[PDB]
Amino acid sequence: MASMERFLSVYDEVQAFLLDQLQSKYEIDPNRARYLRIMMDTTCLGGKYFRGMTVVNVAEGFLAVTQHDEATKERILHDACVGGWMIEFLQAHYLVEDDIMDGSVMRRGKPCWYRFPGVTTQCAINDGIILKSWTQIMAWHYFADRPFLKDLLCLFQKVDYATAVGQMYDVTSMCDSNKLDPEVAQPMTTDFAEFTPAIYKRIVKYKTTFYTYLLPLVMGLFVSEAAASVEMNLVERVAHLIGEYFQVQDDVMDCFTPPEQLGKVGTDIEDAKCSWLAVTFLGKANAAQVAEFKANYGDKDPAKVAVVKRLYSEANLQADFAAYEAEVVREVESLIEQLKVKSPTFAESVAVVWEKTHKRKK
């Protein structure tokens, strides 16, 4: 896509600025500058750029209906690309740390960053921290004199905190809340009582929906100066809805999508994750099915994982996803219609975003 390649050309500008700054202000050597360049490329590139291209899309919509000088149009489009890369870099930060915590093997067709022989977990923790730090370097440099700077930084902080809190919920989802204790080693749940739709929704809300949909949509509004033209409560509600759906897709693919086309290998069953599939399974399974689930879930053994996948296949969870998808379509369609009242162009942006999310196969 031509639009996506212009977005990538801004990445090259950002990379050039960040690496020249390390050279000029941080006394870096060429070899460590090379390392961070490879680090930036491996962690930030290779994806679909859904979050980044959302910011551009929202801004392009308002540009079509609002009067600007040609140079102002160039300013806003460049702002949208920079703001888009802030989110892609923020995602990169979370992806790097997430892979370590989940013990993942590959990220978009390549080994996870920490799996690289010359990286290891030791370097990867700090590399992830650097990635988040770059987002702030970007904002202060590029959006220095911009009126949206204060609001952008404030939202970015809240969204980032929400994700970190969300990851906390996710990484401790396979153990009982009442047994949580830093002093005593955490045993895996036996009753799976916290594997409920309500608890699943809490985890997903904070761990993905804030940075995956809320941030890109409001970012595009900030760079367009069009936050007043929308009802924010609707933006929150529609972002959390498509965001949840996005993670449900992710949960299904973790189990049923082959790694060659997915770009990752699944670990949810092995990690005993509170995924959509496990929650939906326990929401329809009979007594014996539950007992077989309890005897095989949360183990690295290929034979035990195979039993869990078999249980999912026999429990017809494909019909449950279709029923869930049909409901999401209803509610997203409803919210897009509500968004048309004050901003039809933003409602169209959400419609495009939803279409891409709904149709995705990776």
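Numbering starts at 1 and follows the sequence shown.
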Query raised in the report: On average, which has the higher Cα B-factor in the deposited entry, 31 to 39 or 298 to 306?
Result: 298 to 306
Requested in this report: Select between 171 to 179 and 126 to 134 the stretch whose C-alpha atoms have the higher average B-factor in the entry.
Outcome: 171 to 179
Query raised in the report: Reading the B-factor column of the entry, which of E88, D98, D160, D191 has the highest value at its C-alpha atom?
Result: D191
Report task. Could you tell me which third, lowest, middle or highest, the C-alpha B-factor of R146 occupies within its chain? Result -> highest
Report task. Compare the C-alpha B factor of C44 with those of the other modelled residues in its chain, then answer lowest, middle or highest third. Result -> lowest
Report summary line: Chain-relative C-alpha B factor for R75 (record values, thirds): the middle
Query raised in the report: So where's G166 on the chain's Cα temperature factor ranking, which third?
Result: lowest
Query raised in the report: For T209, does the deposited CA B-factor place it in the lowest, middle or highest third of the chain?
Result: lowest
